[PDB]
file input18.txt (compact mmCIF, C-alpha atoms and all ligand atoms)
# COMPACT_ATOMS: atom_id res chain seq x y z
CA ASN N 1 0.00 0.00 0.00
CA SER N 2 0.99 3.67 0.33
CA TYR N 3 1.88 3.05 3.97
CA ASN N 4 5.10 1.18 3.09
CA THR N 5 7.72 2.74 5.36
CA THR N 6 10.71 1.93 3.17
CA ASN N 7 9.24 3.36 -0.03
CA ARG N 8 7.82 6.43 1.74
CA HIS N 9 11.25 6.89 3.25
CA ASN N 10 13.03 6.66 -0.10
CA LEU N 11 10.53 8.83 -1.91
CA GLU N 12 10.93 11.47 0.82
CA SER N 13 14.69 11.16 0.87
CA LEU N 14 14.65 11.64 -2.89
CA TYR N 15 12.74 14.96 -2.84
CA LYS N 16 13.95 16.27 0.53
CA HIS N 17 17.76 16.40 0.29
CA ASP N 18 19.18 18.85 -2.24
CA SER N 19 22.07 16.42 -2.59
CA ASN N 20 20.01 14.49 -5.14
CA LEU N 21 19.09 17.64 -7.03
CA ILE N 22 21.06 18.84 -10.02
CA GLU N 23 20.69 22.54 -10.75
CA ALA N 24 23.02 24.25 -13.25
CA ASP N 25 22.51 27.35 -15.39
CA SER N 26 23.73 28.06 -18.93
CA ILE N 27 25.49 24.71 -19.36
CA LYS N 28 26.46 23.00 -22.62
CA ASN N 29 26.69 19.23 -23.23
CA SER N 30 29.93 17.29 -23.76
CA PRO N 31 30.79 16.48 -27.39
CA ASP N 32 30.71 12.78 -26.53
CA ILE N 33 29.25 9.93 -28.55
CA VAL N 34 25.68 9.25 -27.42
CA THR N 35 22.54 7.35 -28.36
CA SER N 36 19.45 9.15 -29.63
CA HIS N 37 17.73 9.12 -26.24
CA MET N 38 20.37 10.85 -24.13
CA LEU N 39 22.92 13.61 -23.55
CA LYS N 40 26.03 13.48 -21.38
CA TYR N 41 26.81 16.52 -19.25
CA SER N 42 29.55 17.39 -16.83
CA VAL N 43 27.96 19.20 -13.91
CA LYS N 44 30.17 20.16 -10.99
CA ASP N 45 32.66 17.28 -10.92
CA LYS N 46 30.07 14.63 -11.82
CA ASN N 47 29.39 12.85 -15.11
CA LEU N 48 25.67 13.07 -15.82
CA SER N 49 23.57 11.08 -18.31
CA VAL N 50 20.26 12.77 -19.11
CA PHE N 51 17.70 10.48 -20.74
CA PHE N 52 14.60 11.42 -22.74
CA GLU N 53 11.45 9.52 -23.69
CA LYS N 54 11.49 10.35 -27.40
CA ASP N 55 14.52 10.66 -29.67
CA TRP N 56 13.53 14.00 -31.19
CA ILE N 57 14.00 15.89 -27.91
CA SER N 58 17.78 15.40 -27.86
CA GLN N 59 18.35 17.14 -31.19
CA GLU N 60 16.72 20.25 -29.76
CA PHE N 61 19.43 20.89 -27.12
CA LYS N 62 22.52 19.42 -28.82
CA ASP N 63 25.52 21.74 -28.52
CA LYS N 64 23.14 24.38 -27.18
CA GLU N 65 23.43 26.11 -23.80
CA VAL N 66 20.73 24.81 -21.47
CA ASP N 67 19.44 25.12 -17.92
CA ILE N 68 19.14 21.93 -15.90
CA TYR N 69 16.81 21.27 -12.99
CA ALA N 70 16.36 17.58 -12.32
CA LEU N 71 16.63 14.99 -9.57
CA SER N 72 19.32 12.38 -10.09
CA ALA N 73 20.20 8.83 -9.08
CA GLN N 74 23.66 7.26 -8.81
CA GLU N 75 24.27 4.67 -11.54
CA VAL N 76 25.86 1.57 -9.99
CA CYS N 77 28.63 -0.07 -12.04
CA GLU N 78 32.07 -1.67 -11.68
CA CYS N 79 34.00 1.62 -11.96
CA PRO N 80 35.04 4.73 -9.95
CA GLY N 81 31.53 6.12 -9.41
CA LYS N 82 30.90 9.73 -10.45
CA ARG N 83 28.26 8.34 -12.84
CA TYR N 84 24.79 9.87 -12.41
CA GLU N 85 21.55 9.70 -14.41
CA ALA N 86 18.49 11.97 -14.63
CA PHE N 87 15.34 12.17 -16.74
CA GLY N 88 14.45 15.38 -18.56
CA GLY N 89 14.84 18.65 -16.68
CA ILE N 90 16.19 20.57 -19.67
CA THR N 91 15.17 23.95 -21.13
CA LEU N 92 17.19 26.30 -23.33
CA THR N 93 18.89 29.12 -21.40
CA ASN N 94 17.26 32.55 -21.09
CA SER N 95 18.18 36.20 -20.45
CA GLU N 96 14.84 36.87 -18.76
CA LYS N 97 15.63 35.41 -15.33
CA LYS N 98 12.68 37.44 -13.99
CA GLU N 99 10.77 36.01 -11.02
CA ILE N 100 7.41 34.30 -11.39
CA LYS N 101 5.25 33.21 -8.46
CA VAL N 102 3.17 30.13 -9.26
CA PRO N 103 -0.02 29.87 -7.17
CA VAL N 104 -0.23 26.58 -5.27
CA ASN N 105 -3.72 25.60 -4.08
CA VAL N 106 -3.64 22.98 -1.35
CA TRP N 107 -6.64 20.99 -0.17
CA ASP N 108 -5.62 19.49 3.15
CA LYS N 109 -8.06 16.69 3.96
CA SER N 110 -11.02 18.51 2.39
CA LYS N 111 -10.08 21.90 3.86
CA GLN N 112 -9.12 24.70 1.49
CA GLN N 113 -5.86 26.28 2.68
CA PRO N 114 -4.40 29.80 2.49
CA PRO N 115 -2.76 30.66 -0.89
CA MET N 116 0.74 29.20 -1.19
CA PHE N 117 3.34 29.78 -3.86
CA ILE N 118 6.55 28.50 -5.44
CA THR N 119 8.96 30.64 -7.44
CA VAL N 120 10.62 30.02 -10.79
CA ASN N 121 12.75 32.35 -12.94
CA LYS N 122 12.51 30.74 -16.36
CA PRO N 123 9.69 31.86 -18.68
CA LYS N 124 9.26 28.23 -19.72
CA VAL N 125 9.85 25.61 -17.02
CA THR N 126 9.63 21.82 -16.91
CA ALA N 127 6.86 19.93 -15.12
CA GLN N 128 9.60 18.21 -13.13
CA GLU N 129 10.94 21.48 -11.75
CA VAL N 130 7.43 22.43 -10.64
CA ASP N 131 6.75 18.99 -9.17
CA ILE N 132 10.03 19.05 -7.26
CA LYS N 133 9.45 22.50 -5.78
CA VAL N 134 5.91 21.62 -4.77
CA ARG N 135 6.85 18.35 -3.06
CA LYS N 136 9.65 20.06 -1.14
CA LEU N 137 7.01 22.51 0.07
CA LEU N 138 4.51 19.81 1.08
CA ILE N 139 7.20 17.86 2.89
CA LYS N 140 8.29 20.93 4.84
CA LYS N 141 4.78 22.24 5.56
CA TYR N 142 2.77 19.05 6.00
CA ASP N 143 5.32 16.25 6.32
CA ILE N 144 3.25 14.17 3.89
CA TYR N 145 5.70 11.27 3.94
CA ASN N 146 6.17 10.94 7.72
CA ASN N 147 6.66 7.37 8.98
CA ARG N 148 5.69 7.88 12.62
CA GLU N 149 2.11 9.16 12.54
CA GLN N 150 1.62 8.38 8.82
CA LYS N 151 -1.25 10.87 8.67
CA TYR N 152 -1.14 11.15 4.87
CA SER N 153 -1.46 8.30 2.37
CA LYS N 154 -3.11 9.71 -0.77
CA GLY N 155 -2.50 12.78 -2.87
CA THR N 156 -2.01 14.36 -6.27
CA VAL N 157 -0.17 17.34 -7.68
CA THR N 158 -2.11 18.77 -10.59
CA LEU N 159 -0.64 21.33 -12.97
CA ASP N 160 -3.80 23.08 -14.11
CA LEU N 161 -2.93 24.61 -17.51
CA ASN N 162 -4.92 27.40 -19.16
CA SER N 163 -4.83 25.31 -22.36
CA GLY N 164 -7.21 22.68 -20.98
CA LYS N 165 -4.36 20.19 -20.59
CA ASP N 166 -3.59 18.77 -17.15
CA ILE N 167 -0.44 17.12 -15.91
CA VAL N 168 -1.05 14.96 -12.86
CA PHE N 169 1.50 13.50 -10.47
CA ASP N 170 0.71 10.91 -7.81
CA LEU N 171 2.46 11.82 -4.56
CA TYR N 172 2.58 8.12 -3.66
CA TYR N 173 4.04 6.47 -6.75
CA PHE N 174 6.96 4.24 -5.72
CA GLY N 175 7.75 2.72 -9.10
CA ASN N 176 9.57 -0.51 -8.35
CA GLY N 177 11.34 0.97 -5.34
CA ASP N 178 14.47 2.37 -7.01
CA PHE N 179 15.11 6.06 -7.66
CA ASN N 180 15.46 5.70 -11.44
CA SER N 181 12.08 3.98 -11.38
CA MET N 182 10.60 6.98 -9.56
CA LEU N 183 12.30 9.52 -11.81
CA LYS N 184 11.44 7.90 -15.14
CA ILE N 185 8.11 9.77 -15.10
CA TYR N 186 9.96 12.99 -16.00
CA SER N 187 11.53 11.52 -19.16
CA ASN N 188 9.04 13.21 -21.49
CA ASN N 189 10.84 16.46 -20.63
CA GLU N 190 7.51 18.28 -20.86
CA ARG N 191 7.69 22.08 -20.55
CA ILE N 192 5.11 24.80 -19.95
CA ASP N 193 4.75 28.59 -19.92
CA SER N 194 5.41 29.68 -16.33
CA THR N 195 2.54 32.17 -16.37
CA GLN N 196 -0.13 30.00 -18.01
CA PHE N 197 -1.03 27.66 -15.15
CA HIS N 198 -1.38 27.13 -11.44
CA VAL N 199 -1.04 24.16 -9.11
CA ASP N 200 -3.77 22.19 -7.34
CA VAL N 201 -2.72 19.76 -4.65
CA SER N 202 -4.95 17.34 -2.79
CA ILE N 203 -3.65 15.48 0.23
CA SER N 204 -5.32 13.11 2.68
ZN ZN N 301 -7.14 24.53 -10.77
ZN ZN N 302 -7.97 23.51 -16.01

call {"tool": "encode", "arguments": {"input": "input18.txt", "output": "structure tokens", "more": "lines below"}}
Ligand SMILES: [Zn+2]
Ligand SMILES: [Zn+2]
result
Amino acid sequence: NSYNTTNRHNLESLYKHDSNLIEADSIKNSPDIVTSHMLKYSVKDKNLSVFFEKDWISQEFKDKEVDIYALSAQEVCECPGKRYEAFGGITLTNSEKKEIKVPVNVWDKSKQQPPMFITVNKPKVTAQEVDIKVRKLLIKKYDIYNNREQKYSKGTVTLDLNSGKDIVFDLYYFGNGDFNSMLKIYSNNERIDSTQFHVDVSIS
């Protein structure tokens, strides 16, 4: 069920510690040899492999300066670590780093809550960036993944777009139990206009 302590613990650990988060501005990919569903980057001192769902997404960022905002998992192999993998999280760089406050509407066990917000400075952001910033907020404010009282067990993060298209994320999706399994959902690298949507969260 959604009351599995291990999974809740790993899901929380994944979104709580910034250690797992890879944030880099105006970066360009390494001229390495890659497949058609990935792009190798060198962020900080780590080697990062960014995977995408479709093969046409790669071509769009190749040798172009991009902004990265994605969660990552350590790839385990018989070599000197430093190998990390992430899904999506890429958008072309931008000179308009202006601040945008995305309204976050939380329904806490049926009760409407006071207006909350998350900030982003890209005019076009990825769903993943929004989902990450929201979950960090819910963890801090409501402790939705707690393993002592386990007050919460169901919830959804809904990106309510003005274009009649909704992106839904289940706050209690554990994949198979591994981080890459939990992060694969962001592989579509879907992006959206920062000012054309708001967030609706339901937790119980
Ligand atoms: Zn709405
Ligand atoms: Zn709508």

call {"tool": "closest_atom_pairs", "arguments": {"input": "input18.txt", "of": "chain N", "to": "ligand ZN 302 (chain N)", "cutoff": "6 Å", "atoms": "all atoms listed in the file", "output": "CSV"}}
result
residue,atom,partner,partner_atom,distance
N:160,CA,N:ZN302,ZN,4.6
N:161,CA,N:ZN302,ZN,5.4
N:162,CA,N:ZN302,ZN,5.9
N:164,CA,N:ZN302,ZN,5.1

call {"tool": "closest_atom_pairs", "arguments": {"input": "input18.txt", "of": "chain N", "to": "ligand ZN 301 (chain N)", "cutoff": "8 Å", "atoms": "all atoms listed in the file", "output": "JSON lines"}}
result
{"residue": "N:105", "atom": "CA", "partner": "N:ZN301", "partner_atom": "ZN", "distance": 7.6}
{"residue": "N:158", "atom": "CA", "partner": "N:ZN301", "partner_atom": "ZN", "distance": 7.6}
{"residue": "N:159", "atom": "CA", "partner": "N:ZN301", "partner_atom": "ZN", "distance": 7.6}
{"residue": "N:160", "atom": "CA", "partner": "N:ZN301", "partner_atom": "ZN", "distance": 4.9}
{"residue": "N:161", "atom": "CA", "partner": "N:ZN301", "partner_atom": "ZN", "distance": 7.9}
{"residue": "N:198", "atom": "CA", "partner": "N:ZN301", "partner_atom": "ZN", "distance": 6.4}
{"residue": "N:199", "atom": "CA", "partner": "N:ZN301", "partner_atom": "ZN", "distance": 6.3}
{"residue": "N:200", "atom": "CA", "partner": "N:ZN301", "partner_atom": "ZN", "distance": 5.3}

call {"tool": "closest_residue", "arguments": {"input": "input18.txt", "among": "N:189, N:73, N:106, N:155", "to": "residue N:61", "atoms": "all atoms listed in the file"}}
result
N:189

call {"tool": "residues_around", "arguments": {"input": "input18.txt", "residues": "stretch 79-93 of chain N", "least_positions_apart": "4", "cutoff": "7 Å", "atoms": "only C-alpha atoms", "output": "VMD selection string"}}
result
chain N and resid 26 46 to 52 61 65 to 75 125 to 126 128 to 129 183 to 184 186 to 189

call {"tool": "atom_distance", "arguments": {"input": "input18.txt", "atom1": "atom CA of residue N:130", "atom2": "atom CA of residue N:108"}}
result
19.2 Å

call {"tool": "residues_around", "arguments": {"input": "input18.txt", "residues": "stretch 5-10 of chain N", "least_positions_apart": "6", "cutoff": "8 Å", "atoms": "all atoms listed in the file", "output": "number ranges by chain"}}
result
N: 145-147, 172, 174, 177, 179

call {"tool": "atom_distance", "arguments": {"input": "input18.txt", "atom1": "atom CA of residue N:167", "atom2": "atom CA of residue N:62"}}
result
26.4 Å
